[PDB]
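**Q** just to be clear, this is only the beginning of the complex, oriented as in the whole thing:
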Amino acid sequence: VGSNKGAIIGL
Amino acid sequence: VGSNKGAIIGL
Amino acid sequence: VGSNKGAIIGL
Amino acid sequence: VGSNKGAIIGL
Amino acid sequence: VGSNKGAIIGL
Amino acid sequence: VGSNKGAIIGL
């Protein structure tokens, strides 16, 4: 993949 | 949150 | 949060 | 948070 | 992968 | 946090 961006955020 | 589950996957 | 589980995976 | 588990993996 | 960026954050 | 576990792995 070119760019993989992730935010996996628990509040 | 009780459970936060994530898969952010680039193939 | 109780459980936060993440996989951020670039292949 | 109770449990925070992460895998941030570039292949 | 070109760029893999991740934030796996439990609050 | 109770448990924070991370693997940040570049292959």
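**A** Good, I have the coordinates. Numbering: from 1, shown residues only, chains lettered A, B, ... in the order given.
**Q** neighbours of residue A:5, how many?
**A** One way to gauge burial is a neighbour count; for residue A:5, by other C-beta atoms under 10 Å in any protein chain shown, it gives 13. Placement of C-beta: from N, CA and C, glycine included.
**Q** same question, residue A:7
**A** Using other C-beta under 10 Å, residue A:7 is surrounded by 13 other residues.
**Q** is any residue of the host helix or strand of it near chain F?
**A** When secondary structure is defined by DSSP states H and E, residue A:7 falls within strand A:3-10. No: with C-beta under 8 Å from any C-beta of the partner chain as the measure, strand A:3-10 is seen stopping short of chain F, the closest distance being 10.4 Å.
**Q** append chain G to the structure above:
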Amino acid sequence: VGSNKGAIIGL
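**A** Below, chain G sits with the chains from the block before:
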């Protein structure tokens, strides 16, 4: 991978 950047943060 070109760049692998991760923050796995338990608060």
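**Q** take the neighbour count of residue A:7 again, chain G included.
**A** Residues lying near residue A:7 (other C-beta under 10 Å) number 14.
**Q** surely it meets residue G:6?
**A** No: taking contact to mean C-beta atoms under 8 Å, the distance of 11.1 Å between residue A:7 and residue G:6 leaves them out of contact.
**Q** shared neighbours, the two?
**A** Taking C-beta atoms under 8 Å, 6 or more residues apart in numbering or on different chains as the criterion, residue A:7 and residue G:6 both touch E:6-8.
**Q** could you also fit chain H onto it:
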Amino acid sequence: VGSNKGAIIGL
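**A** Adding chain H to the chains above:
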């Protein structure tokens, strides 16, 4: 934190 475990590994 109770347990903080990390592997930050470049291959």
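**Q** once more on the neighbour count of residue A:7, with chain H this time?
**A** Residues within reach of residue A:7, counting by other C-beta under 10 Å, total 14.
**Q** can you pull the contacts of it?
**A** Residues E:6-9 are the ones in contact with residue A:7 under the rule C-beta under 8 Å, 6+ apart.
**Q** tell me what it is bridged to.
**A** Counting by DSSP bridges, residue A:7 is bridged to residue E:7.
**Q** how much space separates it from residue C:6?
**A** For residue A:7, the distance to residue C:6 equals 9 Å [C-beta to C-beta, to the nearest Å].
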